[PDB]
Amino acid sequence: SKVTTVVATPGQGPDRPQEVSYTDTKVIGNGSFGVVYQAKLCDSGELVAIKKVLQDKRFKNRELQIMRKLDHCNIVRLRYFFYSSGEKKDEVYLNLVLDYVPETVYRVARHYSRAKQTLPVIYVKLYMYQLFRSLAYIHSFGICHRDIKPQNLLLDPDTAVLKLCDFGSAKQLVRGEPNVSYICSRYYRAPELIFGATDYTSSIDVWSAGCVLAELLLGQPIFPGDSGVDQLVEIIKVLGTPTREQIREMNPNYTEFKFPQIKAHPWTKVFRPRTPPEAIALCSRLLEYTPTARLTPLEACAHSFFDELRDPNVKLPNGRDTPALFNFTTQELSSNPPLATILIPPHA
């Protein structure tokens, strides 16, 4: 067994560097600045993932600064960080040591879809609720993730615990300070991003979250396409042509362009006939052109679609307890504190 030691700083708690030892290193994925490793910490036996991110000498790394201040059961935990060399010669890389989670929402979704089966709705409810909580939490700091997609939703399939990860695009949005439009991944981008807006809000994450919900209900992405124009055609086929008033809420530079002229498809026909009507209702309040008309994450947690999760006797299909769903904090509740009446049921 090859043991490796490094000097590293705890992700949370005091800034005192400590000796960290790990072993059982093995490649588990590919990253944008080098491959991603798994390792086992010698002191606890816990598995971690180690991701390289490449340090800017001019700026503090934004992802590291965000990760150090987040503490939530549905967000991946930063255990340690340290600097090293790596792929490119002479380059210094930031290494983020994250708690390892073995699967993703995308893996589970593809497993059902390949089998031509639909994900059981109880899991759709559990996953989407946990994602909306993670989003309520980061949004309460003003932090927008900007790359919500199924592959960024870590999942422990045994316990049904979901954790949001990959904050490499996240940013604290400030009104009246522009943001690059080129973030968020194909299939999940809000139409104001497709239109190249620089003045969007955290509601781009809610659109992406609606895309994930629709995907879980359909067994395939709802707005596929390799170009923004192909993606927009799929959006227009569902929502219909945006009005000039809607376009001006998305990007007013686009109001006078020629768009495909298409009537909205009825929401009840977008999904299979036996899709639960509350899921369709929820989806229709997330996939809205007007960004301010989309539900907030906290409003989405309180939606009727999630009422089964507030039932005292709800259980996982495998017979286990559901994960923690009601340990809201003042921080997490701050966008609308008296939603706790729905959010925290009596037995909590």
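Numbers follow the displayed sequence, beginning with 1. Throughout, rigid core stands for the largest set of C-alpha atoms superposing within 1.5 Å between the two forms.
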Q. With the rigid core as the fit anchor, does 236-244 or 223-231 show bigger C-alpha shifts in 9 other deposited structures of this protein?
A. 223-231
(Q) So, in 9 other deposited structures of this protein, taking the root mean square over structures and residues of the Cα distances after a rigid core fit: is 111-119 or 259-267 the more displaced stretch? (A) 259-267
(Q) Taking the other PDB entries of this protein that cover both neighbours, check whether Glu249 lacks coordinates in at least a third of them. (A) no
Q.
Over the set of other compared entries for this protein, does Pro191 lack coordinates in at least a third of them?
A. no
Q: Determine, for stretches 57-65 and 287-295, which one has the higher mean CA B-factor as deposited.
A: 57-65
Q. Hey, which bit's got the bigger mean C-alpha B factor in the entry, 97-105 or 113-121?
A. 113-121
(Q) What third of the chain does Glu91 rank in for C-alpha temperature factor, lowest, middle or highest? (A) highest
Q.
Using only modelled residues of the chain, where does the Cα B factor of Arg175 rank: lowest third, middle third or highest third?
A. highest
Q.
Taking only the Cα B-factors deposited for this chain, tell me whether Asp230 sits in the lowest, middle or highest third.
A. middle
Q. Based on the entry's values, in what third of the chain does the Cα temperature factor of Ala49 lie: lowest, middle or highest?
A. middle
Q | Third of the chain's Cα B-factor distribution that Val314 belongs to, per the entry | A | highest
